Amino acid sequence: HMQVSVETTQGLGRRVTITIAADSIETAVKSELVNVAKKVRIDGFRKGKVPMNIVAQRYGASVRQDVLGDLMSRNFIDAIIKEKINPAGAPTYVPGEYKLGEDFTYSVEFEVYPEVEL
Amino acid sequence: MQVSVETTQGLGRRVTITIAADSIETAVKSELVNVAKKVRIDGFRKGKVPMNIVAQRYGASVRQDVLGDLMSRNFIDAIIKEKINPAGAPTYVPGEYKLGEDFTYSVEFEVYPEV
Amino acid sequence: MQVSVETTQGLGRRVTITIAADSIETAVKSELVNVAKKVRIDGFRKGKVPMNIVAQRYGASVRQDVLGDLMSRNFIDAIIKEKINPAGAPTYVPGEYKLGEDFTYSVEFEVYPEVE
């Protein structure tokens, strides 16, 4: 399951629209934050033992951004493999609005390769 | 409790206090949990809002309120232990706050004359 | 808790909140009861100091403590209900406090700009 929509725009053009579930995002942000916690040190303790509420407060927004970008990319690649879509050149990511704690939808626009003619 | 009491200057007095970082985190966590029970997020109903979300959005605000609450509570706990009390409005002189670190501050005020 | 939210200028916002007089009195009385439990002074065993003495000595400090606490909790409750998110740390602007009366104060801060 993923929630993917394919569209034909014009000519060799296509558009893939994907919605990432809020819980998938939260799970990703969670593990990324624990990895980031391993890198932070604060006088009062030894590196890596910083309280999660502190790491989330300070790095949550940046990490949430990183994760969104990463998930958009990974889900797109999985989508074209499953849908057997062959992009030509570099695709363009068209992100939707992101609402904290909610599902996230975006589109990816690109041209595909025409059938190899010999 | 780590308290320091300077004394005298025409009844004037100064109490410097240092709050444990852990004490700070416990208050913050409790407040954030309260917040997670009140926040409503569209499409989400499975229990309280995740803490990473709450800490990110409400962390700075909740932590500032918790620092003010603790400065006050600890000053009171301090004077109760030092068997003394202010005569006028106390002046809070905060030190630098460093995320996740012990916090130190001072409180200046006067006491009623005795013999 | 009466709440009024308004724009000042640009991303600046002001939330004005009024705290009921008895919400304050109830909180003050409760904290005074807990302070009495901790106090051992003026010849009395711990927790047995007459309330008139506890009030005369720590009433003012308790009042200050409770007001600050109520201002914070009421602000947070307010931004949650109004669904407005401060970009940084909020600035409190208290009104004048009249013992036994309602208390109105304002909180100023900026919101994040629209992503657009």
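Residues numbered from 1 in each chain as written, not as in the entry; some residues may be left out. Chains lettered and ligands numbered in written order. Heavy atoms only, no water.

Method of determination for the deposited model, per the PDB record: X-ray crystallography, at 2.30 Å resolution.

The name given to chain C in the PDB entry is Trigger Factor, with Escherichia coli as the source organism. The title field of the PDB entry reads "Structure determination by MAD: E.coli Trigger Factor binding at the ribosomal exit tunnel".

You'll find chain B entered in the PDB entry as Trigger Factor, with Escherichia coli given as the organism.

As for the overall build of chain C
Broken down by element type, chain C carries 2 helices and 4 strands. Put simply, chain C runs from its N terminus to its C terminus through helices and strands in the order β-β-α-α-β-β. What you see for chain C is a C-alpha radius of gyration of 18 Å, clearly larger than the 13 Å of a compact globule of 116 residues, by over 25%. Dimensions of chain C, computed from the C-alpha atoms along their principal axes, are close to 65 × 25 × 20 Å. Expressed as a percentage of the 116 residues in chain C, the buried residues total 39%. Partitioning the contacts of chain C with sequence separation of at least 6, the portion at a separation of at least 24 is 57%. Taken as a whole, chain C presents about 6,700 Å² of accessible surface, with 49% of it coming from carbon and sulfur. One finds the centroid of the 15 positive side-chain charges in chain C at a distance of 14 Å from the centroid of its 16 negative side-chain charges. (Helix = DSSP H or I, 4+ residues; strand = E, 2+ residues; numbered from the N terminus. Rg over C-alpha atoms; globule rule 2.2 N^0.38 Å. Buried < 20%, exposed > 50% of the residue type's maximum accessible area, 1.4 Å probe, protein only. Contact = heavy atoms within 4.5 Å. Areas by Shrake-Rupley, 256 points an atom, 1.4 Å probe, with all protein chains shown as cover. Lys, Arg positive; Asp, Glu negative; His and termini not counted. Charge placed at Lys NZ, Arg CZ, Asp CG, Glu CD.)

Focus: the overall build of chain B
Within chain B one finds 2 helices and 4 strands. Ordered by position from N to C terminus, the α and β elements of chain B give β-β-α-α-β-β. Whereas a compact globule of 115 residues would reach a radius of gyration of roughly 13 Å, chain B reaches 18 Å, over 25% beyond that. Counting over 115 residues, chain B shows a buried share of 45%. Pairs at least 24 apart in sequence give 57% of the contacts found in chain B among residues at least 6 apart. As displayed, chain B has an accessible area near 6,200 Å², and 48% of this comes from carbon and sulfur atoms. Separation of charge centres in chain B, based on 15 positive and 15 negative side chains, amounts to 12 Å.

Some words on the nonpolar core
Across soluble globular proteins, nonpolar side chains show a tendency to be buried alongside one another. Residues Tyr 106 of chain A, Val 35, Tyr 58, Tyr 105 and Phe 109 of chain B together with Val 35 and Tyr 58 of chain C are the most contacted members of the largest nonpolar core, which totals 92 residues. With 14 residues, the top contributor of residues to this core is helix α2 (residues 51-81) of chain B. Non-local contacts of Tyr 105 of chain B, meaning those with residues more than four positions away in its chain, are made with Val 15, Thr 16, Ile 17, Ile 19, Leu 70, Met 71, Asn 74, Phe 75, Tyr 92, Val 93, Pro 94 and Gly 95 of chain B. (Core = buried A, V, L, I, M, F, W, Y, C linked by side-chain atoms within 4.5 Å.)

Observations regarding the packing of α2 of chain B against helix α1 (residues 21-38) of chain C
Running from N to C, α2 of chain B and α1 of chain C cross one another at 40°; their axes reach a closest spacing of 10 Å. Of the possible angle classes, the one that applies to α2 of chain B and α1 of chain C is oblique. The crossing of α2 of chain B and α1 of chain C is right-handed. Across the interface between the two elements, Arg 73, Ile 76, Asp 77 and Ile 80 of chain B of α2 of chain B pack against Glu 31, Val 35 and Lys 38 of chain C of α1 of chain C. Class assignment of the residues belonging to the contact of α2 of chain B with α1 of chain C gives a composition of 3 nonpolar, no polar and 4 charged. (Axes fitted to C-alpha atoms, helices over the stretch in contact; angles between N-to-C directions. Parallel < 35°, antiparallel > 145°, perpendicular 65-115°, else oblique. Left-handed = near helix turned anticlockwise from the far one by under 90°. Nonpolar A, V, L, I, M, F, W, Y, C, P; charged D, E, K, R; others polar.)

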